[PDB]
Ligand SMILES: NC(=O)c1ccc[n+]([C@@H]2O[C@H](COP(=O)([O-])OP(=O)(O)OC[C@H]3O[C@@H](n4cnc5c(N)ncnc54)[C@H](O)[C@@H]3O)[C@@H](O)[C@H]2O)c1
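The chain below stands alone and is given in C-alpha cells; this is the form solved without the named molecule.
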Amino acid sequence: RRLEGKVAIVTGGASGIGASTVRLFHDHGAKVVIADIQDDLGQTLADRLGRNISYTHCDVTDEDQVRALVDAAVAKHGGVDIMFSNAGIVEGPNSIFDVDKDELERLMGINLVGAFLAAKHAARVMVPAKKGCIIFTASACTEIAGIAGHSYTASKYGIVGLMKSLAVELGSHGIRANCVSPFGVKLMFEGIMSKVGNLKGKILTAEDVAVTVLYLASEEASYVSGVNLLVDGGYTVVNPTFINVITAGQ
C-alpha cells in the first residue's frame, strides 16, 4: 500500500485509464473521488470498491462543478494529495481538412480547459498544505506524429506545456506536476498493435498505465517533477521507414 492515507481525485475515471487507476489507487490504500459525466459507470464502480471510493458528477468544462468537486473532497477527507486530470476525448489520425471549428473548440474545452480548471482548483487546496501531486494524461502523440488527430494532438501538447509551467510555479510550495503519455491503450486491435509496436511480446493495457501513474503519484517519485513520461515501448523514438526500404530492396 503505497499511498496509505492519501486523497486522490480522478477526473474521467469511470472508464478506461481512469477506471484502472481508481482501482489501483484503491488497492494501494488511497481515498479516491471519481469525477465523471458517465454517471452510471461512475457510481457502479464507486459502489463496488468500498467506502473510500465515492463518485461525484463533474463536467470539467464547468468551473462551478470543478470547484465543488475539490471543495467537497476537502470537506470529506481533509485535503487533496493527488489530482489525476484524466478527462478527455480522443481523435484518431485525420486530415486538416476534417477539422471543424465547433468540434475543435469542443475538444479543446474538454481536453485542455478541463485540465486548467482541475489544476487551478487542486493548487488552490494544495498550496496552503505545502504538498501534493498533479498528474495529467497526455498522449504519445506529444512526442511523435502520425498516431492521433490534429485537434487531439494540439490539445495534448497544450497539456504538456501547462504541466511544465505548473512544475515551476508549484515547485516553490512542494507540489509536483507530471504527465503520462501512453500509446495504443478488441481482437482486431491486438493484431495491429502487435504489428505496430516497437517493443515486441508485450501489449499495452490500461492496467499498465495505471501502474505508471501510481509511480508518479507516490513518494517513489518524490523528486520527479516536470516530466512527460512516455509509455510507448519505444514507438516514439524510431522512424523505421528507412530500414524497411533498405531491407525490402535488399
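Don't overthink the numbering: it's just position in the shown sequence, from 1.
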{"property": "Between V185 and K186 - deposited residues without coordinates, as a size class", "result": "10 or more"}
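Heads up, the form solved in complex with the named molecule isn't pictured, but that's what we're talking about next.
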item	value
Selected contact from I37, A68, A221, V211, since only one has a non-hydrogen atom within 4.5 angstroms of the named molecule in the bound PDB entry	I37
Position in contact with the named molecule when the complex is considered in the bound PDB entry, options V113, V90, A129, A154, heavy atoms within 4.5 Å	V90
Non-hydrogen atom contact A138 with the named molecule in the bound PDB entry at 4.5 angstroms	yes
Touches the named molecule in the bound PDB entry: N86 (any heavy atom, 4.5 Å)	yes
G197 within 4.5 Å of the named molecule in the bound PDB entry, heavy atoms	no
4.5 angstroms heavy atom contact with the named molecule in the bound PDB entry for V185	yes
One stretch from 176-184, 161-169, 117-125, 70-78 that, in the bound PDB entry, holds residues within 4.5 Å of the named molecule by heavy atom	176-184
Stretch 3-20: residues contacting the named molecule in the bound PDB entry, 4.5 Å heavy atom cut-off	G12, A14, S15, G16, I17, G18
